[PDB]
Structure formats: C-alpha cells, structure tokens
Amino acid sequence: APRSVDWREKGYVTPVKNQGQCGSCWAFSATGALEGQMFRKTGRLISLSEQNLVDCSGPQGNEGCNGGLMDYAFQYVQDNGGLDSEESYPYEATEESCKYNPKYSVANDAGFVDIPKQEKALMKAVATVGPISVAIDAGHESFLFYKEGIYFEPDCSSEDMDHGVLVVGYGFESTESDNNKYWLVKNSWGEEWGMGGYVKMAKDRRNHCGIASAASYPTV
Ligand SMILES: *[C@@H](C(=O)NCCc1ccccn1)[C@H](O)C(=O)N[C@@H](Cc1ccccc1)C(=O)N(C)C
C-alpha cells in the first residue's frame with residue numbers, strides 16, 4: 001500500500017459539518033463515505049442529507065438522534081432508491097418525520113462492504129476505495145480538547161466504540177515516542193474542533209480506539 005494517502009487532495013471530501021446536539025454521528029459518517037463513492041463514480045462532489053438518514057432510516061435499524069449504524073444507512077439508500085442532497089433536505093439536528101422526495105435524490109448505492117477487523121485491511125481499503133466509514137471510542141476528555149498531533153489515549157477501547165467518523169487518509173510524522181503513523185479522520189463537530197475538524201488517530205497501535213473494528217463503505 002502507499003505510505004501516505006489523502007483523499008481530500010483527489011476531490012472526494014466535502015467540508016467539515018456539525019451534527020449539533022443530535023447523536024447522528026452515524027449519519028455524517030455515512031454521508032461522508034457515500035459522498036466519496038459518488039464522486040468516484042460521477043466526478044461530482046455533492047453534499048448529502050444527514051437529516052434524510054436521521055428521519056427515514058429507522059426501518060433499517062437506525063434510531064435517529066439516539067444513534068445508528070453507517071451500514072444501516074447504506075442499506076436505507078439502497079432500499080429507498082435514493083438520498084436527497086444536503087441543500088434540498090437540510091440538517092436540523094432533531095428527529096422529525098421522513099420528508100424524502102425522490103425528485104431531489106442525488107445519490108444511490110447497491111449495498112456496502114464490511115472490512116475485516118484489522119488495521120492492515122483498513123489500510124488496503126483506504127488506499128484503494130476512498131474515504132471509509134469507521135467507529136471509534138471518542139468517549140474521553142482528551143478527544144474533546146484535541147488540538148493537533150497524533151491522538152493516543154491509553155484508556156481507549158478497541159471493542160466499545162461510540163462515535164462514527166470518516167477515515168479520509170493516513171500518513172506519518174515524526175514524534176517523541178516514535179509511534180509515527182496516523183489515520184486522518186474527519187469528524188462532524190465543526191471546524192473549531194481539533195485541526196480544522198480533523199484528527200490524526202494513532203495507526204498501527206493495536207487498533208487504537210477501535211478504528212478498524214467497524215469499518216465499511218457503500219457500493220456505488
Ligand atoms: C454517535 C454520536 O452522535 N456521537 C456524538 C456524541 C458523542 C460525544 C462525545 C463522544 C462520543 N460521542 C452516536 O452516539 C452513535 O450513533 N453511536 C454509535 C457509533 C457506532 C458504533 C459502532 C458501529 C457503528 C457506529 C454507537 O455508539 N453504537 C453503539 C451504534
């Protein structure tokens with residue numbers, strides 16, 4: 001695999017968004033991966049509606065602002081035959097009834113692929129597919145206050161993830177501890193969090209925070 005990857009440079013990634021006070025991280029993770037795969041197919045980067053997923057993907061198993069899974073979101077887009085654009089169905093950070101309109105659908109998928117639960121497999125997926133939906137243990141004060149550098153949290157769980165995010169690449173930079181590799185991760189907490197909304201998560205440190213434990217992407 002390449003030693004460094006950044007899909008933002010290839011045009012696959014919309015700007016950082018903000019989920020507000022709704023527990024809809026799974027929807028932002030899902031739209032991010034679908035935005036990448038739609039761009040791969042069509043050459044058009046179109047921001048997709050997280051509100052559409054929050055309001056409408058309950059039958060696939062999602063629970064709105066009470067949580068969800070990216071895979072259930074990809075299943076919804078397939079079952080539903082579409083997904084509205086962000087501009088057409090904007091984000092309100094509260095669960096409401098479904099208002100999906102197919103006339104404004106700008107994306108589709110034919111299912112999804114789950115990646116084996118190993119960081120080496122996640123790397124191969126990132127290197128060859130595009131941005132990848134993942135879940136991490138973000139439930140630590142250190143994650144809230146992150147400003148820069150490689151995030152490493154000794155109390156992080158590789159099994160109990162609570163936050164869906166998007167891996168857009170990976171790379172390295174020299175550090176004191178010589179644990180130099182990182183996953184480049186797009187969050188959904190606005191650009192005032194972290195490094196313009198991004199975090200470099202420790203890579204090849206025993207599946208730190210569970211980043212390879214729930215990785216997937218939509219088939220377009
Ligand atoms: C994610 C979310 O919206 N998190 C925002 C609040 C927050 C603040 C600080 C730290 C962490 N979180 C939702 O809570 C959500 O959908 N959670 C999912 C993430 C997930 C896990 C495994 C596989 C896919 C997605 C979740 O915790 N579970 C168990 C589904």
# chains A, B, ... in the order shown; residues from 1 in each chain; ligands from 1
>>> residues_around(residues="residue 89 in chain A", least_positions_apart="4", cutoff="12 Å", atoms="only C-alpha atoms", output="count of residues only")
24
>>> residues_near_ligand(ligand="ligand 1", cutoff="6 Å", atoms="only C-alpha atoms and all ligand atoms", output="list in words")
residues 23, 24, 25, 26, 67, 68, 69, 70, 135, 138, 139, 161, 162, 163, 164 and 214 of chain A
>>> closest_residue(among="A:129, A:33, A:16, A:65", to="residue 191 in chain A", atoms="only C-alpha atoms")
A:16
>>> select_by_dssp(residues="range 16-210 of chain A", states="strand (DSSP E or B)", output="PyMOL selection string")
chain A and resi 18+48+83-85+105-107+112-114+132-136+150-151+163-172+181-186+189+195+198-202
>>> select_by_dssp(residues="range 67-183 of chain A", states="helix (DSSP H, G or I)", output="list in words")
residues 70, 71, 72, 73, 74, 75, 76, 77, 78, 79, 80, 102, 103, 104, 119, 120, 121, 122, 123, 124, 125, 126, 127, 128, 141, 142, 143, 144 and 145 of chain A
>>> residues_around(residues="residue 116 in chain A", least_positions_apart="3", cutoff="8 Å", atoms="only C-alpha atoms", output="MDAnalysis selection string")
chainID A and resid 121:122 212:213 215
>>> residues_around(residues="residue 1 in chain A", least_positions_apart="2", cutoff="10 Å", atoms="only C-alpha atoms", output="PyMOL selection string")
chain A and resi 3-5+120+123-128
>>> closest_residue(among="A:154, A:218, A:58, A:43", to="residue 108 in chain A", atoms="only C-alpha atoms")
A:218
>>> closest_residue(among="A:187, A:60, A:14, A:142", to="residue 39 in chain A", atoms="only C-alpha atoms")
A:14
>>> atom_distance(atom1="CA of residue 207 in chain A", atom2="CA of residue 183 in chain A")
10.8 Å
